[PDB]
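Heads up: the structure comes next, in structure tokens.
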Amino acid sequence: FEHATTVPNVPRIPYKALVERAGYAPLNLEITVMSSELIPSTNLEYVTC
Amino acid sequence: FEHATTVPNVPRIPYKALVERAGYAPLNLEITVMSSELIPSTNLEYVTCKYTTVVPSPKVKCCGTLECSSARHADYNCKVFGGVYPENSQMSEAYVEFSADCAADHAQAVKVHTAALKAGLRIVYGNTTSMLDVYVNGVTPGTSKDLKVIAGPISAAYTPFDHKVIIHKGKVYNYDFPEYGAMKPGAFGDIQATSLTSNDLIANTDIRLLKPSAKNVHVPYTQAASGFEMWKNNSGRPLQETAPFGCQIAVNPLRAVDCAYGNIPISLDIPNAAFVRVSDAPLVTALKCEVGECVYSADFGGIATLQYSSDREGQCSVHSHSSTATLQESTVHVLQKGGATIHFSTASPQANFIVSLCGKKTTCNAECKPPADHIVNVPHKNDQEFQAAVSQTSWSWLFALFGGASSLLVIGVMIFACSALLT
């Protein structure tokens, strides 16, 4: 079943939601973002001593 | 006792219905239209194949000449070519016949007239579950162990077939074959015979004998191609893949199976032994309808509960009367205080219907929600009704706007009357 929400990007703060299909009881949805590294794209020009 | 309803002609869809009379409970009746083919009346004219042109060894004199007569075969030529192989003579004679094997590969050109209407109905009432079938017309009785059923004729006729038809190995094509005896060469139907083993073959092939001119004996000819082979190149796609109502086609007797079109009126003489009385019928008062989801049009997308207060404990006969919705399972074993559930199945945004729990009526009223699932394997179970597929708030807007467009005209003509009376 397809469902779309918006997590806020603050680590280890849980987000609550309901998913329901018409013909079913609703159910819980706790989504957390527990780590977020972001990696830039790098290259090296020179090396100094 | 006999009762009539109608069932939409969609396969294996049960119909819940009440049949009631005095002194008895309104009793349940479930009628499902099972796998229901239709069979048209056929008559083959001819059977076609490839050909092998029999060209036998020739007849040659040297001093005298020859004169050639007719015989009984297919497309002839016979000819009497003159001074050849140096006043010598020759008799070049050639005909066709069926191929080496037409028990396997042979078409059948068939004309198709009107069609019968067999059915498959499963009928459950009370505790009686019966398997039967009925020729759909208003006269033939459909007889289970004690009952009789007549299925009234269809509201609108239909045929997947056409007037003329070709049966190959297994497939069925709509194509206009030439008539028996009117054969055109290089097209379908060059050889013709009334069975696989009957005589009186019939053939045009544009066979043309030619004058031999060589050192050794040969009989030369030229000929149009096998017009059955120039249909197998260019036959389109059969009726299993182009038919208008999803009907498959089987040919041992050429039947068309599992259509979905129209609706069948139906009538059932209920046997007298299956009539539960109003004493045994658990009468229930204080009916309270509590409507849950009602997400419409799919299969059973509506939940309703009933808070009630009974007289007895036993299996009722639950029913909805308005054709905007039908319920399911049709029997509820009641208790002194119960909350049993139904399954509404409407195809309109207005759950606006009347539940008779054991004949005692009450109303379910709620709005409905469109589903979020575009495409479902399972067919529909209701129809659409104008003055029922328009939502109630839209009725309020239309009525208010029409009243706002009419009442001031009423005020104007009353101003005419008032101005005429006062002066």
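Chain labels A, B, ... are given in the sequence in which chains occur in the structure tokens; within each chain residues are numbered consecutively from 1, and ligands are likewise numbered from 1 in the order shown.
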
Using only C-alpha atoms, find which residues of chain B lie within 12 Å of chain A and jot them down as a PDB file with N, CA and C atoms, in the first residue's frame.
ATOM      1  N   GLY B 292     -20.840   2.074   9.113  1.00  0.00           N
ATOM      2  CA  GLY B 292     -19.413   2.273   9.268  1.00  0.00           C
ATOM      3  C   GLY B 292     -18.770   2.971   8.088  1.00  0.00           C
ATOM      4  N   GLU B 293     -18.044   2.226   7.256  1.00  0.00           N
ATOM      5  CA  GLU B 293     -17.260   2.851   6.192  1.00  0.00           C
ATOM      6  C   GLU B 293     -18.123   3.286   5.012  1.00  0.00           C
ATOM      7  N   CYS B 294     -18.726   2.315   4.325  1.00  0.00           N
ATOM      8  CA  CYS B 294     -19.363   2.478   3.013  1.00  0.00           C
ATOM      9  C   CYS B 294     -18.427   3.155   2.009  1.00  0.00           C
ATOM     10  N   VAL B 295     -17.366   2.439   1.668  1.00  0.00           N
ATOM     11  CA  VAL B 295     -16.530   2.792   0.529  1.00  0.00           C
ATOM     12  C   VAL B 295     -17.024   1.973  -0.651  1.00  0.00           C
ATOM     13  N   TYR B 296     -17.622   2.638  -1.625  1.00  0.00           N
ATOM     14  CA  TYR B 296     -18.536   1.938  -2.506  1.00  0.00           C
ATOM     15  C   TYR B 296     -17.833   1.280  -3.685  1.00  0.00           C
ATOM     16  N   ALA B 298     -16.852  -1.654  -4.814  1.00  0.00           N
ATOM     17  CA  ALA B 298     -15.896  -2.709  -5.108  1.00  0.00           C
ATOM     18  C   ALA B 298     -16.505  -4.101  -5.049  1.00  0.00           C
ATOM     19  N   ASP B 299     -16.591  -4.671  -3.851  1.00  0.00           N
ATOM     20  CA  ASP B 299     -17.295  -5.927  -3.648  1.00  0.00           C
ATOM     21  C   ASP B 299     -18.264  -5.831  -2.488  1.00  0.00           C
ATOM     22  N   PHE B 300     -17.711  -5.551  -1.315  1.00  0.00           N
ATOM     23  CA  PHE B 300     -18.453  -5.508  -0.067  1.00  0.00           C
ATOM     24  C   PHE B 300     -17.919  -4.371   0.782  1.00  0.00           C
ATOM     25  N   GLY B 301     -17.751  -3.212   0.165  1.00  0.00           N
ATOM     26  CA  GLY B 301     -17.085  -2.121   0.836  1.00  0.00           C
ATOM     27  C   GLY B 301     -17.914  -1.307   1.806  1.00  0.00           C
ATOM     28  N   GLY B 302     -18.917  -1.910   2.437  1.00  0.00           N
ATOM     29  CA  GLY B 302     -19.676  -1.205   3.449  1.00  0.00           C
ATOM     30  C   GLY B 302     -19.966  -2.035   4.679  1.00  0.00           C
ATOM     31  N   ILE B 303     -19.605  -1.535   5.852  1.00  0.00           N
ATOM     32  CA  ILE B 303     -19.876  -2.212   7.111  1.00  0.00           C
ATOM     33  C   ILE B 303     -21.031  -1.513   7.806  1.00  0.00           C
ATOM     34  N   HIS B 343     -22.914  -6.444   5.239  1.00  0.00           N
ATOM     35  CA  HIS B 343     -21.948  -5.907   4.284  1.00  0.00           C
ATOM     36  C   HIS B 343     -22.719  -5.246   3.145  1.00  0.00           C
ATOM     37  N   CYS B 368     -21.110   8.013   1.152  1.00  0.00           N
ATOM     38  CA  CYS B 368     -20.125   7.029   0.741  1.00  0.00           C
ATOM     39  C   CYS B 368     -18.865   7.705   0.224  1.00  0.00           C
ATOM     40  N   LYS B 369     -17.764   6.965   0.274  1.00  0.00           N
ATOM     41  CA  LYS B 369     -16.470   7.464  -0.150  1.00  0.00           C
ATOM     42  C   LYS B 369     -15.980   6.711  -1.378  1.00  0.00           C
ATOM     43  N   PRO B 370     -15.424   7.408  -2.364  1.00  0.00           N
ATOM     44  CA  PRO B 370     -14.837   6.732  -3.519  1.00  0.00           C
ATOM     45  C   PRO B 370     -13.585   5.980  -3.119  1.00  0.00           C
ATOM     46  N   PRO B 371     -13.358   4.801  -3.676  1.00  0.00           N
ATOM     47  CA  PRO B 371     -12.193   4.011  -3.285  1.00  0.00           C
ATOM     48  C   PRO B 371     -10.939   4.502  -3.978  1.00  0.00           C
ATOM     49  N   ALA B 372      -9.799   4.142  -3.400  1.00  0.00           N
ATOM     50  CA  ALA B 372      -8.522   4.374  -4.051  1.00  0.00           C
ATOM     51  C   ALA B 372      -7.978   3.008  -4.443  1.00  0.00           C
ATOM     52  N   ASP B 373      -8.519   2.484  -5.539  1.00  0.00           N
ATOM     53  CA  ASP B 373      -7.986   1.314  -6.230  1.00  0.00           C
ATOM     54  C   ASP B 373      -8.652   1.340  -7.594  1.00  0.00           C
TER      55      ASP B 373
END

Among stretch 76-322 of chain B, which residues carry a DSSP assignment of strand (DSSP E), reported as a PyMOL selection string? chain B and resi 77-79+92-98+108-115+122-125+128-131+148-151+164-167+172-173+191-192+202-203+208-209+221-222+248-250+255-257+263-269+284-291+302-310+319-320

File dump, residues just selected, C-alpha atoms, as a CSV table (one decimal), in the first residue's frame:
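As a result, out_12.csv now contains:
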chain,number,residue,atom,x,y,z
B,77,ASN,CA,-7.5,-30.3,-68.3
B,78,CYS,CA,-6.9,-32.8,-71.1
B,79,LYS,CA,-5.4,-31.9,-74.4
B,92,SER,CA,-1.6,-34.5,-71.7
B,93,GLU,CA,-4.1,-34.9,-68.9
B,94,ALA,CA,-4.1,-33.5,-65.4
B,95,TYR,CA,-6.4,-33.0,-62.4
B,96,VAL,CA,-6.3,-32.2,-58.7
B,97,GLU,CA,-7.5,-33.9,-55.5
B,98,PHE,CA,-7.1,-33.4,-51.8
B,108,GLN,CA,-14.5,-25.9,-42.2
B,109,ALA,CA,-16.6,-23.2,-43.7
B,110,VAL,CA,-19.7,-22.9,-41.6
B,111,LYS,CA,-22.8,-20.6,-41.6
B,112,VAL,CA,-24.0,-19.5,-38.2
B,113,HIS,CA,-27.7,-18.8,-37.4
B,114,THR,CA,-29.3,-17.8,-34.0
B,115,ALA,CA,-28.2,-19.1,-30.6
B,122,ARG,CA,-26.8,-22.1,-8.2
B,123,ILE,CA,-29.9,-21.7,-6.0
B,124,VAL,CA,-29.8,-21.6,-2.2
B,125,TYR,CA,-32.8,-21.0,-0.1
B,128,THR,CA,-31.3,-26.1,0.3
B,129,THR,CA,-28.3,-25.6,-2.0
B,130,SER,CA,-29.1,-26.8,-5.5
B,131,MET,CA,-27.0,-27.0,-8.6
B,148,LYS,CA,-39.1,-25.2,-10.9
B,149,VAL,CA,-37.3,-22.3,-12.5
B,150,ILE,CA,-38.0,-20.3,-15.7
B,151,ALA,CA,-35.4,-17.8,-16.8
B,164,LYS,CA,-20.3,-16.9,-41.9
B,165,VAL,CA,-17.4,-18.3,-40.1
B,166,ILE,CA,-14.3,-20.5,-40.6
B,167,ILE,CA,-13.1,-23.1,-38.1
B,172,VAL,CA,-12.6,-19.3,-35.0
B,173,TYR,CA,-12.3,-16.4,-37.5
B,191,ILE,CA,-11.2,-27.2,-53.3
B,192,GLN,CA,-14.7,-28.0,-52.0
B,202,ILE,CA,-15.1,-29.1,-57.0
B,203,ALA,CA,-12.1,-27.0,-58.0
B,208,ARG,CA,-3.1,-24.6,-68.1
B,209,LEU,CA,-1.4,-27.4,-69.9
B,221,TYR,CA,1.7,-27.1,-67.0
B,222,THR,CA,1.2,-23.9,-65.0
B,248,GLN,CA,-14.0,-17.5,-24.9
B,249,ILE,CA,-14.9,-19.9,-27.7
B,250,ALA,CA,-14.8,-23.6,-27.5
B,255,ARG,CA,-20.1,-22.7,-28.2
B,256,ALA,CA,-19.3,-19.2,-26.9
B,257,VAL,CA,-18.5,-19.3,-23.2
B,263,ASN,CA,-29.7,-9.1,-17.4
B,264,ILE,CA,-31.8,-12.2,-17.1
B,265,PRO,CA,-35.4,-12.1,-15.7
B,266,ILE,CA,-35.9,-15.1,-13.5
B,267,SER,CA,-38.8,-16.9,-11.8
B,268,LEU,CA,-38.8,-19.6,-9.2
B,269,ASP,CA,-41.7,-21.8,-8.0
B,284,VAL,CA,-37.0,-8.3,16.4
B,285,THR,CA,-38.0,-4.7,17.3
B,286,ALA,CA,-36.0,-1.6,18.2
B,287,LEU,CA,-33.9,-1.8,15.1
B,288,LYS,CA,-30.9,0.6,15.2
B,289,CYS,CA,-28.6,0.9,12.2
B,290,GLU,CA,-25.0,2.1,12.7
B,291,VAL,CA,-23.2,2.6,9.4
B,302,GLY,CA,-19.7,-1.2,3.4
B,303,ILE,CA,-19.9,-2.2,7.1
B,304,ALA,CA,-23.1,-1.8,9.0
B,305,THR,CA,-24.0,-2.9,12.5
B,306,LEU,CA,-27.4,-3.5,14.1
B,307,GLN,CA,-28.2,-2.8,17.7
B,308,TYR,CA,-31.5,-4.4,18.5
B,309,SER,CA,-33.7,-6.3,21.0
B,310,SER,CA,-35.0,-9.7,20.0
B,319,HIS,CA,-32.6,-8.2,3.1
B,320,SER,CA,-32.3,-4.8,1.5

Nearest to residue B:231: which of B:262, B:170, B:246, B:186 is it, counting only C-alpha atoms? B:186
